[PDB]
Each structure stands twice: as C-alpha cells, then as structure tokens.
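> Encoded as structure tokens, here's the structure I'll be asking about.
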Number of protein chains: 2
Amino acid sequence: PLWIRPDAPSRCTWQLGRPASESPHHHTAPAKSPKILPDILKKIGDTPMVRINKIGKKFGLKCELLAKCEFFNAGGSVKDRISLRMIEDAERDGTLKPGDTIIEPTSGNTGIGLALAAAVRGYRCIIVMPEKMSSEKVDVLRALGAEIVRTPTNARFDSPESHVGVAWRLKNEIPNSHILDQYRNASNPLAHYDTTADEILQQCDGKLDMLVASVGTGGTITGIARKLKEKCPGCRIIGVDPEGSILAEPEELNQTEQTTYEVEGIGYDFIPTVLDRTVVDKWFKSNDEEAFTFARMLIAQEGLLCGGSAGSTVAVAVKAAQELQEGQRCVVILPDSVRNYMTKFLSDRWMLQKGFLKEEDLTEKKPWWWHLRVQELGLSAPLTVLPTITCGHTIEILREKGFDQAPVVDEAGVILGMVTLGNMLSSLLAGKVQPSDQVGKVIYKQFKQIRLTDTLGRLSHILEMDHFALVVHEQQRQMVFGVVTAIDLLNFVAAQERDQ
Amino acid sequence: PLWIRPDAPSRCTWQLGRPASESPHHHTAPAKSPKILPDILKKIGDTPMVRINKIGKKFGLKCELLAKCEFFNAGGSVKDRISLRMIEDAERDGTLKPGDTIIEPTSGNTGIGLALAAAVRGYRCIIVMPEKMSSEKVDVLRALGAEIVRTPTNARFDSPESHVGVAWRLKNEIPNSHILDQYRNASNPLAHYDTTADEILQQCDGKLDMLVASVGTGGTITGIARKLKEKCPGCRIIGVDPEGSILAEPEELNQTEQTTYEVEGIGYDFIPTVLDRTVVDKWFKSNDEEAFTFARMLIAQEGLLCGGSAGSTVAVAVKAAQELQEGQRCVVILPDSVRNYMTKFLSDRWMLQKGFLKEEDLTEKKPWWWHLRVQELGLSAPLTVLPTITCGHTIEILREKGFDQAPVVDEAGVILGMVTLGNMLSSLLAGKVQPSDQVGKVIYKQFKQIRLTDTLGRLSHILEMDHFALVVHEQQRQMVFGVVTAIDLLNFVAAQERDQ
Ligand code: HEM
Ligand code: HEM
Ligand SMILES: Cc1ncc(COP(=O)(O)O)c(CNOCC(=O)O)c1O
Ligand SMILES: *Cc1c(COP(=O)(O)O)cnc(C)c1O
C-alpha cells in the first residue's frame with residue numbers, strides 16, 4: 001500500500017432504525033473516574049454544559065441556549081476525545097505496539113491531543129500541520145515533545161505536499177510508524193457517538209430541540225447526530241461550514257468568490273470518509289468576520305475562553321435557532337480554547353491588520369476623551385536629576401523642591417528612568433539602600449516616551465503596559481514636559497465630567 | 001485613611017484545637033452542581049487530583065506524588081475560587097451592589113478571575129498589575145473587559161506606586177468602587193479552607209502525608225493547612241517561596257542578593273494579613289531556573305499544561321518528599337495554566353535570552369546530524385520557471401524534464417514561490433484553473449531561504465514553520481542550489497542510519 005485517500009466513500013452500513021447489536025464496532029461505555037486519576041488522559045470527557053445568558057437574548061432567541069464547553073479537556077479541545085480513542089482502539093487492535101511512532105495530518109488540535117497522549121504513554125509523535133495554523137499550536141506541540149512538519153495552506157488534499165499526502169510519505173520512510181488517520185478512522189465519530197452524545201443526553205435529561213456544530217473531519221457532528229437521531233429524533237442537526245469549504249449541502253451554498261480563510265479547524269476541500277452528511281438536517285455557511293466577532297463576544301459577555309470555530313458555531317446558532325420557541329432548547333459545541341489564538345483574533349492589532357474590525361466604525365463605542373491630546377492634561381514640568389545622585393541627596397532635593405518624583409537624565413540627555421520620594425524613603429527605611437548609594441536599585445527603568453501631540457487613547461493603551469508615560473520634546477530629548485500615569489488620566493476624566 | 005496596609009497583623013483568633021462552632025465567619029459547604037451550569041462561574045472547583053508517574057520516580061521519590069490541578073477552573077487558575085468567593089460574600093453582606101466597581105491589586109490570576117466574574121455579573125473591573133506580569137494576562141484581561149493599570153516591579157509595597165498603593169488611590173477617585181483585597185479578605189483563605197481542602201481530603205480518603213504549596217497571598221496554604229491540621233494532623237505543610245521574597249521562615253533562608261525574579265504569582269516584600277505562617281511546617285526557597293525546568297518537565301513528561309509556580313512547587317516537592325517512604329503520599333498544588341506564559345518559559349528563545357537554558361544543555365541531547373551542513377544533503381539544482389508560465393506549460397515542462405516541482409523566479413532573479421506537478425494537476429482537474437491561465441492562483445508563495453552553510457538543526461527548526469526551504473547564494477541574484485522539505489531530511493537521516 002502507498003496511500004489511502006481521506007475522502008473514499010464510507011463502507012458503513014449504519015441506518016437509522018437498525019439496532020446496536022448489529023454494529024461490528026467496539027463501543028466503550030463511559031466509565032466512573034476514580035478519586036485520583038492515574039494520569040491526565042482521564043481528564044478528557046465529561047465537559048460542562050453551560051447556559052448562554054446574554055448572547056441569545058441579544059440576538060432575539062426565545063429558547064434556552066446551552067454551550068458544551070470542550071475546551072476544558074486536558075489538551076484544551078474536543079479532539080482530545082478522538083486522540084485518546086484512536087490510540088486506545090489501535091492498542092487493543094494490536095496495530096499500535098509500545099514505543100511505536102504516531103504520525104498524524106492535523107489542523108492542530110488532534111495533533112496536540114495525540115502529542116499529549118504520546119508524551120504520557122511513551123510514543124514517538126510526528127505532526128503534519130498546514131502553514132496557516134497558529135504558532136501557539138506549534139509552541140504546545142514542541143513542549144509536548146512532538147516533531148513538527150508543515151505543508152502549504154493552499155495545497156490541494158490529493159497533491160503530494162498536502163498535510164495528508166506528506167503524512168503518508170513520512171510513514172513510508174519510518175519503520176514502526178502508524179497513521180491513525182482521523183479522516184477515515186471510525187474511532188473518531190465513535191468517540192462522539194459513545195461519549196460526547198451520551199453526555200449531552202445525560203445533561204439535557206434527554207430533552208433537546210436543536211444541536212449546532214461546526215464541521216472539520218465531521219466526526220463530532222456525525223457521532224452526535226447518529227446517536228441523537230436514535231435517542232432524540234426531534235432534535236434538529238445544524239452543520240456549520242466556512243465560506244471556502246465544500247462540506248455543506250446543497251452544493252449551491254459553496255459557490256463563493258474566495259478560497260482561503262483565517263478560522264482554524266473547520267472546512268475542507270474534500271468530504272472526509274467519517275462525515276455522514278445524510279444525518280445533517282441543515283447547513284449554514286460562516287465567515288471569518290462573524291466567527292471572530294462572536295468568539296470575542298463569548299469571552300466578553302459569557303466569560304467563555306473559547307476559540308475561533310466556537311464563534312462560528314454561536315454566530316450560526318443565533319440565526320438557526322430563531323424558529324425555536326420559549327421552553328425549547330438549543331445546544332452548541334464549543335470546540336477549543338483561546339490559548340491557540342493569543343496572537344491571532346485575541347489581538348486587536350491582528351484583527352485590524354486582517355480587516356475584521358473597521359477602525360473608523362469602532363470609534364463609535366470610544367470615550368469622549370479618546371481623541372483629545374496629551375498636552376490638554378495640564379502637565380507639570382518635572383525636576384530632573386543626574387544618575388550620579390545619591391539616595392540621600394535624592395530625598396533632600398525632592399523634599400526641598402517640593403516634588404514627589406524626578407526623571408533621571410544623564411549628561412548626554414538620555415532619559416534613564418524615574419526615582420520617587422516614596423520609594424526612595426521606603427527603600428532607605430527598610431535598609432535596602434544606604435544614603436550614600438547611587439540610585440541603581442531604586443530607579444524605575446521602564447517607561448514609554450510620548451509626544452505632546454499624541455492622543456489620550458494612545459496614552460490609555462500605553463498605560464496597560466507601563467506605569468508612566470514621559471512627555472518629551474521632539475528636538476530636545478533631555479527635555480521632559482511632564483510625567484503621566486493612570487491616576488493623572490483618571491483625575492482629568494473625572495474632573496471634566498463632574499461639572500458638565 | 002486613604003489605605004489599609006496589606007501586611008497589618010491578623011486579628012483572627014483561630015488557634016488549632018478551637019471547634020468550628022466558634023468561628024465567626026460564614027462557611028460554605030461544597031454541594032453537588034447541576035447538570036446544566038447556570039453560568040461559567042459554577043465551573044470553579046472540583047478540580048482533578050492526578051498521579052505524577054515519571055517525575056517523582058526520576059528524582060528517587062518512594063511515595064506516591066499527586067497533583068491538585070487548579071488550572072482546570074473557568075479562568076485557568078486556583079484564583080478563580082477566591083475571586084468568586086470574595087464577590088459572593090461581598091454581595092451577601094451588602095457591600096457590593098449591582099453595577100458597582102471592583103478594583104484589585106493583582107499579579108494577574110486574581111484579576112482574571114475577578115474580570116471573568118465581573119463580565120458575567122455586570123460589574124466594572126479595574127486591575128492594577130506589576131509591570132513584570134506576562135502580556136498573555138493583559139490580553140485575557142482586555143478580552144474580558146477589564147481596565148488595566150500597571151505598576152513598577154521594583155516598587156516597594158508601601159510606596160504610592162505599588163500595585164496595592166495605586167489600587168487604593170484609584171478607589172478614592174471612583175465613586176461606588178470597592179477593593180475586595182485578597183491580602184486581607186478572609187474570603188481568600190476561607191475559600192480554600194471550605195472547598196479546596198475538603199476536595200483534597202475527599203480525593204485522598206483523608207489520608208495524605210505531605211502537602212506542598214507555593215505562596216503568594218498565602219490564602220491557599222493557610223486555608224488548606226488550617227483544615228488539614230484539623231482533619232489530617234499528621235500531614236506536613238511545606239511552603240514554597242521564591243529567592244527574592246521574604247515570606248519564608250526562618251529569616252535566614254531569605255538572605256539573598258537580588259529581590260527580582262521571573263516566576264509569577266509567588267513571593268512578596270511583605271507578609272500578607274491572610275498568611276498564617278504558624279501552620280507551615282517547613283519552607284523551601286525556589287529559584288527561576290528550577291521552576292521553568294520543572295514546568296517544562298511537567299508538560300513534557302506528564303502532559304500537565306501548567307504554569308511557572310507549578311514548576312516551583314514540584315521542584316521543591318522532589319526534595320521535601322525524600323523523607324517519605326513507599327506507601328506514603330505527597331500532594332502538590334499546581335496553581336495556573338501554560339496559557340499565561342506562551343511567549344515566556346514556553347519559548348526556547350525566551351529561556352535562552354534569560355539564561356535559563358544554555359547552548360551546552362541545548363546540545364548533547366541533539367541527534368548526530370544536528371551540526372551537519374545543508375550542503376551535506378547532496379542537493380540537486382532545480383529547474384526554475386518564469387511567473388508568466390501557463391498552468392498547462394508547467395505540467396508539460398515538469399513531466400518532460402522529469403521534475404515534480406519548480407521554484408518560480410522572475411527575470412530580475414526574485415524568487416516568487418514554488419509550483420508542483422501534483423497541485424497544478426489537481427487544480428486543473430477540479431476546475432480551479434484553466435490551461436491557459438498564469439500560475440498566480442496555484443503558486444505556493446510561502447517559503448524560507450536557507451544557506452548551504454547553515455546546519456541541519458537550523459533546517460529542522462525552519463521546517464517547523466515552513467514546508468519549503470530554498471537553498472540560495474548570498475553573492476549571486478538569489479540563485480537556487482536546491483529545494484529541501486522535511487521528507488528530504490528524513491531521507492538523508494534514514495539512508496545514513498542504514499549505512500551506520
Ligand atoms: C450499529 C450500526 C452500524 C453498522 C451495522 C455499521 C457497519 C459498518 C461496516 C460493515 C463497516 C465496514 C467495515 C469497517 O470499516 O469496519 C463500517 C465502517 C465504518 N463505520 Fe460503522 N456501522 C455502524 C455504526 C457506526 C457508527 C455509529 C459510526 C459512527 C461513529 C460508524 C462509523 C464508521 C466509519 C467511520 C467506518 C469506516 C468506513 C471505511 O472504512 O470506509 N459506524 N461500519
Ligand atoms: C477557630 C475559629 C476562628 C475564630 C474564632 C476566628 C475569629 C476571627 C475574628 C474574631 C476575626 C476578626 C474579624 C471578624 O470578626 O470578621 C477574624 C478574622 C480573620 N479570620 Fe477568622 N477565625 C476563625 C477561623 C478562621 C479560618 C478557618 C480562617 C481561614 C483559613 C480564618 C481567616 C481569617 C482572616 C484572614 C481574618 C482577617 C484578619 C483581620 O481582620 O485583620 N479564620 N477571625
Ligand atoms: C477548533 C476546531 N473546531 C472544530 C473542529 C471540527 O470538529 P470535527 O472535525 O469533529 O467536525 C475542529 C477539528 N479539526 O480537525 C481535527 C484537528 O483538530 O486536527 C477543531 O480543531
Ligand atoms: C496567587 C498565585 C499563587 C499563590 O497562591 P496564594 O493563594 O496567593 O498563596 C501561586 N501561583 C500562581 C500562578 C498564583 O498567581
């Protein structure tokens with residue numbers, strides 16, 4: 001054998017109405033976890049179901065909206081369930097022997113799950129991931145001891161250089177290596193059929209009207225839907241597919257004028273073998289802008305520290321569940337954590353750079369003082385001192401001159417930092433410094449320079465990283481107009497709105 | 001007025017032996033949580049107790065070593081317990097009213113917990129955090145809607161510029177604002193006494209011989225130790241304090257040169273009111289190098305995606321628990337998650353820059369091929385094509401000349417990217433491009449240039465971010481000597497390993 005296509009038609013003869021006895025598959029029943037877990041892999045599953053309290057109401061939902069929070073799994077994603085299940089079944093099968101090598105083509109989360117289990121169980125782990133996936137995924141994979149290979153983001157799945165193609169190529173060169181293959185492996189949807197779906201039914205007391213889930217491999221939606229069609233046939237199954245992907249039906253939904261997208265984990269250029277599209281009642285297409293808008297809303301309004309595809313899911317859910325009435329219930333799957341996207345959608349700079357926040361239209365929720373300039377604060381000219389000054393002479397000069405702080409500026413005009421009366425006194429009284437010592441241990445070295453013409457909004461951002469902003473002269477660096485801290489900005493804002 | 005010292009002596013009349021009936025505090029009994037959580041704040045507590053299987057044995061421990069994993073709480077840390085309890089108690093005692101302002105001096109984790117609860121409950125949240133704390137904490141705080149103020153890392157606690165001093169100064173300027181004050185609030189150690197400690201006892205069947213906990217506010221170790229001294233008196237309480245802090249006893253342990261350190265959340269320049277050192281049996285001084293070495297070891301060997309102070313705790317535990325025999329049990333508290341330190345200890349560049357990792361220890365464990373040069377791969381000079389070539393002509397020339405890929409190089413010598421036979425054919429068969437089209441839609445624009453003199457170790461790092469490495473000449477107009485992928489390095493290593 002050279003390669004097995006990830007989109008080959010499924011040979012599963014499952015049909016709704018067919019009893020469980022007829023299944024050729026091994027089904028693992030959820031097991032009572034002991035008081036002390038023997039390893040972290042037992043902390044995969046039994047994820048919380050949390051009511052959404054603000055977002056549903058905001059978008060006019062009448063029904064109850066609940067979120068299945070899969071980011072609480074050991075590795076931080078829903079994929080920890082399939083990572084563990086694929087390994088356990090392969091071990092039981094005799095396929096995976098001790099110390100063997102696991103190679104897996106992944107968008108990140110299956111790779112993390114497999115790398116975590118490989119770290120614990122003692123397997124060599126090689127992950128093949130497209131170039132677009134976050135550096136935070138790489139960082140965690142490296143820490144877990146996984147070897148990482150990258151493939152071009154725009155490589156077609158059936159090309160030699162796709163993540164799938166490269167994984168098979170590496171397996172062919174490494175003896176004792178296996179590709180568990182999440183795109184074809186029944187252990188993927190069966191993990192969701194046996195556990196994720198059983199948890200949802202248990203948590204809902206078997207009463208559920210709608211399920212919304214984003215689609216990558218299709219294991220989550222397939223596993224959950226097959227079980228729900230058997231146990232709760234009245235539950236409508238809603239699939240979420242990004243614009244650029246071809247998973248959605250009817251095919252008319254996939255005719256778009258763009259092929260790439262920023263959201264990670266969902267959508268493909270092929271139909272994975274594990275995806276059963278017949279069990280999905282309706283599909284909705286999502287875009288990056290609404291996915292990141294909703295992910296940021298989930299964090300800001302619900303405190304759910306989830307990722308991009310979780311935003312895509314809730315963005316669809318508020319449209320899809322509009323038809324539900326009071327008393328009815330909609331469940332959404334939140335697949336992964338914000339950890340994977342710290343420097344991506346979590347960053348306003350990244351959102352702006354990608355055009356997902358219109359800066360001009362963002363200024364509508366910005367305070368009245370945001371666009372005012374630094375000079376309007378009424379800056380007090382500060383006294384400056386040389387770095388050669390003693391701790392004792394610093395106390396003398398600040399008290400003699402009536403200042404509580406002083407920037408330290410050398411003979412060449414370089415601003416070295418700040419010294420305060422309070423800190424110098426506290427350090428002296430605690431014996432940290434002697435009066436004759438130089439100010440080296442007491443000086444506050446970190447500060448940001450700002451112009452008289454900079455905005456107060458710029459100042460506000462600066463004050464989230466530094467304690468003080470030093471207002472300088474563009475033509476005389478040694479010349480400091482003022483020292484501004486968060487307290488000065490508050491005093492200004494408060495005084496202005498205590499008289500108008 | 002204006003401020004109450006966070007180190008004022010405790011007025012608590014608790015003493016070991018006093019019946020719980022004499023406590024004047026409110027005590028919450030942990031109760032079963034509902035199937036569906038009304039909000040994410042209910043996902044605080046009931047944290048896992050996980051057996052440490054490799055690290056303990058590696059350092060010669062005979063006892064069982066267990067980890068109480070607090071990073072599974074809603075906000076990612078142990079502090080989510082105290083954030084919720086401080087708010088709940090303040091609401092119940094009438095001090096905190098709907099829509100009031102919460103201001104808190106924090107190292108980050110209490111701020112995250114409070115910001116999460118404030119986002120859910122609808123309170124304005126202002127965090128005052130030292131400059132050393134990670135930018136990852138700032139990014140999560142921003143996403144939750146908290147306002148962020150920073151203070152100098154080297155500001156003495158009693159100076160006006162400390163995180164506690166600034167929080168009080170802000171409160172005095174904001175009407176209807178409150179400082180819950182984790183340094184003096186009984187709700188901090190009470191959260192641990194009522195819930196964390198009872199969980200540890202439930203999980204251990206009331207039988208454990210040693211508890212190791214790192215110390216910041218002291219709420220965790222004080223709450224747990226007061227309950228453990230009452231219900232498991234044989235348990236040894238071990239406190240972990242970083243070098244640079246003054247919390248440890250005897251004072252002789254604290255006679256260190258420096259007072260600054262990279263580990264976050266532990267150690268202080270004052271004794272917090274909530275810290276009861278009389279219930280700590282022994283202190284150990286930890287350092288940054290061992291804290292990060294152990295946090296990386298916990299990830300790599302145990303799959304525990306924890307933070308820096310978790311590493312400090314386990315670094316001490318493998319020393320403190322040496323006195324225990326086979327059959328005894330040591331429990332460590334792992335306070336937060338790796339999410340807060342993505343670009344800090346998780347990064348090898350940061351570790352190198354800080355001196356916690358040396359090129360010597362970085363090498364040794366490196367494979368035999370690591371220091372070989374790219375030139376030793378035995379590169380083949382590739383066929384290059386112009387960017388004006390058609391998709392049809394690309395198929396023809398690659399097949400005709402016997403190549404599977406070609407760099408695209410313009411007449412000025414600029415490398416635009418790569419084209420492949422496989423991707424071009426798949427694109428054509430799927431109707432993405434027409435034979436007469438130029439290759440703009442198929443070209444792989446992302447690649448990394450490498451030199452013939454660079455090492456295979458450098459190539460390996462490059463291959464964790466890019467699929468293609470193009471070997472070039474610094475003197476000629478970017479003339480390509482060869483194209484390398486992860487398959488090409490594996491082919492070189494595997495063939496040479498057969499000869500060896
Ligand atoms: C109880 C009813 C079911 C029957 C009678 C059935 C039957 C089969 C048969 C005959 C095969 C081909 C042999 C093989 O690959 O093992 C198969 C494959 C498979 N089954 Fe099932 N199955 C059932 C339920 C399920 C469920 C609930 C899932 C979802 C989690 C599932 C997922 C799969 C997958 C993904 C394959 C792989 C297809 C391939 O290799 O092309 N099956 N099934
Ligand atoms: C034997 C039982 C206890 C007695 C008689 C006791 C008594 C007191 C009293 C009289 C106060 C003064 C303020 C107030 O009444 O609210 C107090 C404060 C305090 N208690 Fe309790 N307490 C007991 C147990 C605990 C426990 C189990 C903890 C948690 C580990 C705790 C932590 C504190 C703290 C941190 C303070 C703040 C000290 C201050 O007000 O400056 N106490 N306690
Ligand atoms: C963030 C995220 N959301 C959503 C999903 C979609 O889940 P499913 O593939 O089960 O439909 C995934 C799964 N991506 O494909 C496997 C992988 O992580 O390597 C995902 O990672
Ligand atoms: C606060 C904190 C600690 C110390 O716990 P306390 O309850 O404050 O003693 C340890 N680790 C981290 C990361 C924390 O932020």
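As shown in the structure tokens, the chain order sets the letters A, B, ...; within each chain, residues go from 1, and ligands are also counted from 1 in the order they appear.
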When the cut-off is 7 Å and we count only C-alpha atoms, which residues of chain A are near chain B, given as a ChimeraX atom specification?

/A:35-40,49-51,72,116,119-120,131,139,143-145,148-152,155-156,158-160,170,203,296,299-304,339,346,422-423,426,444,463-467,486-487

> Mind writing the picked residues with N, CA and C atoms as a short mmCIF file (atom, residue, chain, number, x, y, z; two decimals), in the first residue's frame?


```cif
data_model
loop_
_atom_site.label_atom_id
_atom_site.label_comp_id
_atom_site.auth_asym_id
_atom_site.auth_seq_id
_atom_site.Cartn_x
_atom_site.Cartn_y
_atom_site.Cartn_z
N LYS A 35 -11.17 8.49 42.33
CA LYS A 35 -10.91 9.72 43.05
C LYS A 35 -9.59 10.36 42.59
N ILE A 36 -8.56 9.54 42.47
CA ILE A 36 -7.26 10.00 42.00
C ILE A 36 -7.08 9.48 40.59
N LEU A 37 -6.89 10.39 39.61
CA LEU A 37 -6.72 9.97 38.23
C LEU A 37 -5.33 9.41 38.05
N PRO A 38 -5.20 8.24 37.41
CA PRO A 38 -3.87 7.63 37.23
C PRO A 38 -2.93 8.41 36.32
N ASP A 39 -3.48 9.27 35.45
CA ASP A 39 -2.77 10.16 34.53
C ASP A 39 -3.73 11.23 33.98
N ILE A 40 -3.20 12.27 33.29
CA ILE A 40 -4.03 13.37 32.80
C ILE A 40 -4.98 12.96 31.67
N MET A 49 -21.76 21.76 30.48
CA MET A 49 -22.83 22.29 29.64
C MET A 49 -23.26 23.55 30.37
N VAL A 50 -23.06 24.71 29.75
CA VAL A 50 -23.29 26.00 30.38
C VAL A 50 -24.33 26.83 29.64
N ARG A 51 -25.31 27.39 30.36
CA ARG A 51 -26.31 28.25 29.75
C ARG A 51 -25.68 29.56 29.28
N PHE A 72 -12.39 22.48 28.05
CA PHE A 72 -11.99 22.05 29.37
C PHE A 72 -11.25 20.71 29.37
N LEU A 116 0.04 14.79 23.44
CA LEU A 116 -0.13 14.73 24.88
C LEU A 116 -0.20 13.28 25.32
N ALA A 119 3.18 11.67 24.87
CA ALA A 119 4.10 12.08 25.94
C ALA A 119 3.88 11.20 27.17
N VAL A 120 2.61 10.98 27.56
CA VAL A 120 2.21 10.18 28.71
C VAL A 120 2.50 8.67 28.49
N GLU A 131 0.58 25.40 7.05
CA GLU A 131 1.29 26.62 7.42
C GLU A 131 0.43 27.70 8.09
N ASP A 139 4.07 25.90 19.56
CA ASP A 139 4.66 26.04 20.89
C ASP A 139 4.28 24.87 21.81
N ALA A 143 6.60 21.66 23.20
CA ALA A 143 6.66 21.44 24.65
C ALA A 143 6.29 20.00 25.00
N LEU A 144 5.30 19.46 24.31
CA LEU A 144 4.88 18.08 24.50
C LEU A 144 5.84 17.05 23.86
N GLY A 145 6.89 17.50 23.17
CA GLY A 145 7.87 16.63 22.55
C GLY A 145 7.54 16.12 21.17
N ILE A 148 7.52 18.41 14.41
CA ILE A 148 6.57 19.13 13.56
C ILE A 148 7.01 19.32 12.13
N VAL A 149 6.11 19.01 11.18
CA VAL A 149 6.29 19.20 9.76
C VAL A 149 5.15 20.09 9.26
N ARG A 150 5.45 21.04 8.36
CA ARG A 150 4.42 21.92 7.83
C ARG A 150 4.18 21.69 6.35
N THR A 151 2.95 21.97 5.88
CA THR A 151 2.56 21.83 4.48
C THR A 151 1.92 23.13 3.98
N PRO A 152 2.00 23.44 2.67
CA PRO A 152 1.41 24.69 2.19
C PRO A 152 -0.09 24.75 2.44
N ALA A 155 -2.38 23.83 -0.49
CA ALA A 155 -2.12 22.57 -1.19
C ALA A 155 -3.40 21.78 -1.25
N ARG A 156 -3.79 21.35 -2.45
CA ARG A 156 -4.96 20.50 -2.60
C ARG A 156 -4.69 19.16 -1.96
N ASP A 158 -5.24 16.05 -2.43
CA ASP A 158 -4.73 14.95 -3.23
C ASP A 158 -3.38 15.24 -3.90
N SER A 159 -2.72 16.35 -3.52
CA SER A 159 -1.39 16.68 -4.02
C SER A 159 -0.36 16.05 -3.06
N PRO A 160 0.85 15.73 -3.56
CA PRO A 160 1.86 15.11 -2.69
C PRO A 160 2.24 15.93 -1.47
N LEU A 170 5.87 10.35 4.93
CA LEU A 170 6.75 10.16 6.08
C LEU A 170 6.59 8.75 6.65
N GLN A 203 -26.95 15.38 30.34
CA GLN A 203 -27.02 16.76 30.80
C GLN A 203 -28.35 17.43 30.48
N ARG A 296 -15.07 36.74 20.35
CA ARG A 296 -14.75 37.83 21.25
C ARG A 296 -15.95 38.20 22.15
N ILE A 299 -16.29 35.58 24.96
CA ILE A 299 -15.36 35.88 26.04
C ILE A 299 -15.86 37.07 26.85
N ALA A 300 -16.19 38.18 26.19
CA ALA A 300 -16.59 39.43 26.83
C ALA A 300 -17.94 39.41 27.55
N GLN A 301 -18.90 38.63 27.06
CA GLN A 301 -20.23 38.60 27.65
C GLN A 301 -20.53 37.37 28.47
N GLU A 302 -19.92 36.23 28.12
CA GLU A 302 -20.17 34.98 28.83
C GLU A 302 -19.01 34.45 29.64
N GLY A 303 -17.82 35.03 29.47
CA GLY A 303 -16.63 34.55 30.16
C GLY A 303 -16.18 33.17 29.69
N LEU A 304 -16.54 32.80 28.45
CA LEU A 304 -16.17 31.51 27.90
C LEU A 304 -14.90 31.70 27.10
N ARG A 339 -6.32 29.77 24.08
CA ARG A 339 -4.88 29.55 24.11
C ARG A 339 -4.26 29.41 22.71
N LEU A 346 -7.51 37.19 19.34
CA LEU A 346 -7.48 37.83 20.66
C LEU A 346 -6.79 39.20 20.58
N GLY A 422 8.60 58.46 47.66
CA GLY A 422 8.01 57.35 48.40
C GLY A 422 8.83 56.09 48.34
N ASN A 423 9.29 55.72 47.15
CA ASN A 423 10.08 54.51 47.00
C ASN A 423 11.47 54.65 47.56
N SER A 426 11.03 54.47 51.42
CA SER A 426 10.73 53.10 51.83
C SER A 426 11.97 52.22 51.73
N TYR A 444 13.22 53.38 38.60
CA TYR A 444 12.22 52.70 37.79
C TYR A 444 12.68 52.89 36.35
N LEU A 463 -0.65 52.86 29.04
CA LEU A 463 -0.82 52.62 30.47
C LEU A 463 -1.30 51.20 30.84
N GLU A 464 -1.59 50.37 29.84
CA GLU A 464 -1.88 48.97 30.07
C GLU A 464 -0.58 48.14 30.10
N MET A 465 0.59 48.75 29.75
CA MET A 465 1.89 48.08 29.76
C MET A 465 2.93 48.78 30.66
N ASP A 466 2.84 50.10 30.80
CA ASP A 466 3.80 50.86 31.62
C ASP A 466 3.09 51.69 32.68
N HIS A 467 3.77 51.93 33.80
CA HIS A 467 3.21 52.76 34.86
C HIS A 467 3.21 54.23 34.46
N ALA A 486 -1.73 56.54 35.08
CA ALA A 486 -3.15 56.23 35.02
C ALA A 486 -3.97 57.13 35.95
N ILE A 487 -3.39 57.51 37.10
CA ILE A 487 -4.06 58.38 38.06
C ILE A 487 -4.27 59.78 37.48
#
```

> Using only C-alpha atoms and all ligand atoms, which residues of the polymer chains come no farther than 7 Å from ligand 1? I'd like the answer as a PyMOL selection string.

chain A and resi 8-15+18-25+184-193+222-223+226+273-274

> Grab the residues selected above and save them as a PDB file, in the first residue's frame with C-alpha atoms.


```pdb
ATOM      1  CA  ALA A   8     -13.061   7.472  -0.043  1.00  0.00           C
ATOM      2  CA  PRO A   9     -16.776   6.566   0.276  1.00  0.00           C
ATOM      3  CA  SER A  10     -17.649   5.103   3.667  1.00  0.00           C
ATOM      4  CA  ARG A  11     -18.394   1.374   3.814  1.00  0.00           C
ATOM      5  CA  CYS A  12     -20.537   1.840   6.957  1.00  0.00           C
ATOM      6  CA  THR A  13     -23.849   0.110   6.644  1.00  0.00           C
ATOM      7  CA  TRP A  14     -25.400   2.075   9.524  1.00  0.00           C
ATOM      8  CA  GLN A  15     -29.028   3.044   9.046  1.00  0.00           C
ATOM      9  CA  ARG A  18     -31.034  -0.510  12.961  1.00  0.00           C
ATOM     10  CA  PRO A  19     -30.319  -1.889  16.488  1.00  0.00           C
ATOM     11  CA  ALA A  20     -26.948  -1.616  18.329  1.00  0.00           C
ATOM     12  CA  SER A  21     -26.464  -5.421  18.341  1.00  0.00           C
ATOM     13  CA  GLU A  22     -25.819  -5.234  14.552  1.00  0.00           C
ATOM     14  CA  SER A  23     -22.760  -2.938  14.995  1.00  0.00           C
ATOM     15  CA  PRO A  24     -19.411  -4.530  14.082  1.00  0.00           C
ATOM     16  CA  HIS A  25     -17.611  -1.818  16.134  1.00  0.00           C
ATOM     17  CA  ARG A 184     -11.124   7.647   7.943  1.00  0.00           C
ATOM     18  CA  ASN A 185     -10.853   6.132  11.456  1.00  0.00           C
ATOM     19  CA  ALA A 186     -14.208   5.035  12.953  1.00  0.00           C
ATOM     20  CA  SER A 187     -12.705   5.744  16.423  1.00  0.00           C
ATOM     21  CA  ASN A 188     -13.170   9.456  15.619  1.00  0.00           C
ATOM     22  CA  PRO A 189     -17.019   9.583  15.190  1.00  0.00           C
ATOM     23  CA  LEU A 190     -17.459   6.627  17.589  1.00  0.00           C
ATOM     24  CA  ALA A 191     -15.832   8.651  20.407  1.00  0.00           C
ATOM     25  CA  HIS A 192     -18.561  11.264  19.934  1.00  0.00           C
ATOM     26  CA  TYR A 193     -21.293   8.627  19.412  1.00  0.00           C
ATOM     27  CA  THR A 222     -21.651  12.566  12.690  1.00  0.00           C
ATOM     28  CA  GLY A 223     -21.153  10.818  16.033  1.00  0.00           C
ATOM     29  CA  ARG A 226     -26.286   9.311  14.709  1.00  0.00           C
ATOM     30  CA  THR A 273     -14.886   9.421   4.980  1.00  0.00           C
ATOM     31  CA  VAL A 274     -16.079   9.797   8.618  1.00  0.00           C
TER      32      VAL A 274
END
```

> To check your reading of the model: which residues sit at most 7 Å from ligand 4 when counting only C-alpha atoms and all ligand atoms? Write the answer as a PyMOL selection string.

chain B and resi 79+107-110+214-221+264-266+307-310+335-336

> Step one, run DSSP on the backbone; step two, keep only residues of range 212-377 of chain A assigned to strand (DSSP E or B); then write them as a compact mmCIF listing (two decimals) with C-alpha atoms, in the first residue's frame.


```txt
# COMPACT_ATOMS: atom_id res chain seq x y z
CA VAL A 212 -25.38 23.28 16.23
CA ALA A 213 -21.86 22.05 15.45
CA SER A 214 -19.01 23.29 13.21
CA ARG A 236 -32.61 19.16 14.52
CA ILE A 237 -28.96 18.89 13.45
CA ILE A 238 -27.33 22.10 12.18
CA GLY A 239 -23.92 21.96 10.48
CA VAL A 240 -21.55 24.94 10.23
CA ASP A 241 -19.13 25.17 7.30
CA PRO A 242 -16.81 28.13 6.50
CA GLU A 243 -17.03 30.01 3.19
CA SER A 245 -15.11 24.89 2.15
CA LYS A 282 -29.48 21.90 7.57
CA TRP A 283 -26.20 23.67 6.81
CA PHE A 284 -25.17 27.30 7.27
CA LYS A 285 -22.10 28.96 5.83
CA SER A 286 -19.98 31.08 8.15
CA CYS A 306 -13.04 29.62 23.63
CA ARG A 329 -33.53 24.06 23.84
CA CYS A 330 -30.53 24.57 21.51
CA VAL A 331 -27.07 23.13 22.23
CA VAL A 332 -23.88 24.43 20.62
CA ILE A 333 -20.49 22.72 20.63
CA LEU A 334 -17.56 24.99 21.60
CA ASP A 336 -11.32 24.63 21.54
CA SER A 337 -9.65 27.24 23.80
CA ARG A 373 -4.27 65.29 23.02
```

> Report, in Å to a single decimal, how far apart CA of residue 276 in chain B and atom 22 (N, counted along the ligand's line) of ligand 2 are.

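Taking atom 22 (N, counted along the ligand's line) of ligand 2 and CA of residue 276 in chain B, their separation equals 11.6 Å.
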
> In range 117-279 of chain B, what's helix (DSSP H, G or I) per DSSP? Answer as number ranges by chain?

B: 117-121, 135-144, 163-171, 187-203, 219-231, 251-254, 277-279

> Report, in Å with one decimal, the straight-line distance from CA of residue 90 in chain B to CA of residue 269 in chain B.

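So the answer is 27.6 Å.
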